[PDB]
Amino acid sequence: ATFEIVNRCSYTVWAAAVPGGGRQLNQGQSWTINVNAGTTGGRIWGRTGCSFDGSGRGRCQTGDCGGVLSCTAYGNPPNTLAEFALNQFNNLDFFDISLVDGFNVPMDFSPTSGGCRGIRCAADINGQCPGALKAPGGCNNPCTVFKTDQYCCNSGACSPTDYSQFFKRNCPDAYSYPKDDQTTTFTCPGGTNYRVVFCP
């Protein structure tokens, strides 16, 4: 499956992908990767406020993945997430934008190959972020900030909260909390190709 990642932000975004690694994308730059059929736990995101040395090690203000440029793991919140599991069930892709690990950059996550609709979360979440949730370069989900089960849901019991609803009101088609089931999961034919755009 083809995933094209495009930075339209004026600021640099260090794209990250599991699988795929990572790449600096200055404004206008793109990165195209081929993700294997059947991939689960797929995640693409942007990192901001990064500095890296010549050996690909350093740190990002948002979305940092263990201090490396070429990510081999998920990143530090806050980070807007494109999530996907390919060729599941009867050969169907499942994908979403998630704000469960916060927001940093506005995002469009859409199929390019036809057969289904896409997803966008491009409200100014950072600007409107509640004070309790604000982080450098982003807006954390209440799970990250408060570290309680009503938000984090490891018990398996959770429902919408006031703080999850801040995210949901502004991005209705994104996951706002771990068990969000309102217009949060999207499907496409198995083997669909996708594009993730930062600052769409």
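Don't overthink the numbering: it's just position in the shown sequence, from 1.
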Checklist outcome for this item: For 149 to 157 versus 25 to 33, entry-based mean Cα B-factors point to 149 to 157
Checklist outcome for this item: Higher avg CA temperature factor (179 to 187 vs 15 to 23, as deposited) belongs to 179 to 187
Checklist entry - C-alpha B factor of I44, ranked within the chain: lowest, middle or highest third? => result lowest
Item to check | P142 - Cα temperature factor, lowest/middle/highest third of chain | outcome: highest
Checklist entry - Of the three thirds of its chain by CA temperature factor, lowest, middle or highest, which one includes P130? => result highest
Checklist outcome for this item: So, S110's CA B-factor, relative to its chain, sits in which third? The lowest
Next on the checklist: Is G38 in the lowest, middle or highest third of its chain when residues are ranked by C-alpha B-factor?
Outcome noted: middle
